[PDB]
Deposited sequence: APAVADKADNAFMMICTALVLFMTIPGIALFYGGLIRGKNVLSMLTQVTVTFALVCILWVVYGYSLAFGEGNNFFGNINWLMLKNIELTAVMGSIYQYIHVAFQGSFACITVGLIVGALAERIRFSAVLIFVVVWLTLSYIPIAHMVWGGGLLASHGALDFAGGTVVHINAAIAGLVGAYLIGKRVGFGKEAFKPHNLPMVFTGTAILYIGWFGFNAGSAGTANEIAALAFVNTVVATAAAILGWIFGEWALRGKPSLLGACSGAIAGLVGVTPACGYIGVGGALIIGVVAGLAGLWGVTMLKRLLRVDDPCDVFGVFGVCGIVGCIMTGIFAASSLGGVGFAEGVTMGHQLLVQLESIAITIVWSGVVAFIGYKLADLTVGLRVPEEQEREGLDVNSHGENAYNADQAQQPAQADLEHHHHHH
């Protein structure tokens, strides 16, 4: 039976720490420098406590429902508190305990994306209720559908590190929320930590320290750089000069955009995706006419990256190639469907979360 490779174990445990670093303190500092000074402490507390919450719900039943075998939409409850998972159990080429952790850290950053932006306007108890409802009914099923052998994966959707599961999912939850900068060095510091942590996020998604991890690593460097330049150029063009926030936004734009594509594309596709994503991101926030503008970058770039993954995975364009019997035509259709499903699923669940919270403790911070 399958034996764990210590090199992959090492890599994946370090990658998980890097993803945890994206939340604690990555996203917290990113939002901290953007929101009003008088709201920072509170937001920092909300991100820390909800992070703890997600970690616990993950171990208690999150992992089992997301990654256990079940149906197209959710797993099972046979892994409650990781029961039935032998310590030496192997998943892929690493111990399953590591997969649990790595996957849990993706749940954390996703929630951090939402809470950091909404902390200012939402009541503490309301956010806890929302987190519980949305992690359970949206994050878990979508993670199951994309990486848990569910509906989307079973139809061949390409999403290496979560353009759907993380970015689009959270962008929509945050935008439903919105519908209902004092420290730029701080924003930069959080952007930097997100960037560095993102190497575990993207490369670690290979599940092994192989050539695919190497590819995702290089593409991340390339798409992020291309997006910083694309954004900055659009900014110099529209506003006459680049800005620090523009540069950070650009980096996030490329990072988000390359997320679903990193392990399937060539460096050439990474450069193109990065440029398009930096520009689309700028167009995005511009059109979005607020820290919630952030969901404009995550949502627009997540959609763009997911669609472009269906183009650039082509052998012809330097990608690793589409699956057997799959054309670019067919693949693009599947990407569009995965995006639509994600937008609607997250939107509805988010609307139910906020509404439930509003009905139980009241949303609007007292």
Checklist entry - Got a list of the deposited-sequence ranges with no coordinates? => result 1, 182-194, 304-309, 387-424
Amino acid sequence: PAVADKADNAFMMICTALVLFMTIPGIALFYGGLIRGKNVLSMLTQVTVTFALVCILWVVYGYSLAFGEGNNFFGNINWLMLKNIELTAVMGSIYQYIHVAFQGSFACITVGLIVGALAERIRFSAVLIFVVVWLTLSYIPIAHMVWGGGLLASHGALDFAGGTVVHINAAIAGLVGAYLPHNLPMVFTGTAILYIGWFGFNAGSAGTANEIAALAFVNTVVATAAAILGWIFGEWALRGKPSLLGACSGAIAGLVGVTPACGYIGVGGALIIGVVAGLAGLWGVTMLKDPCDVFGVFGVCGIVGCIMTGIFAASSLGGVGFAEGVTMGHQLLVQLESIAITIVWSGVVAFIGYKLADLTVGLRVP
From here on, numbers count along this sequence of modelled residues.
Checklist outcome for this item: Taking the deposited Cα B-factors and averaging over 290-298 and over 252-260, the higher mean is found in 290-298
Checklist entry - If you average the CA temperature factors over each stretch, which comes out higher, 280-288 or 236-244? => result 280-288
Checklist outcome for this item: On the chain's distribution of Cα B-factors, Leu57 falls within the third called lowest
Item to check | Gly70 by Cα B-factor - lowest, middle or highest third of the modelled chain | outcome: highest
Next on the checklist: Where does the C-alpha B-factor of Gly162 rank in its chain, lowest, middle or highest third?
Outcome noted: middle
Item to check | Entry-reported Cα temperature factor of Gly32, expressed as the chain third it lands in | outcome: lowest
Item to check | Third of the chain's Cα B-factor distribution that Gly329 belongs to, per the entry | outcome: highest
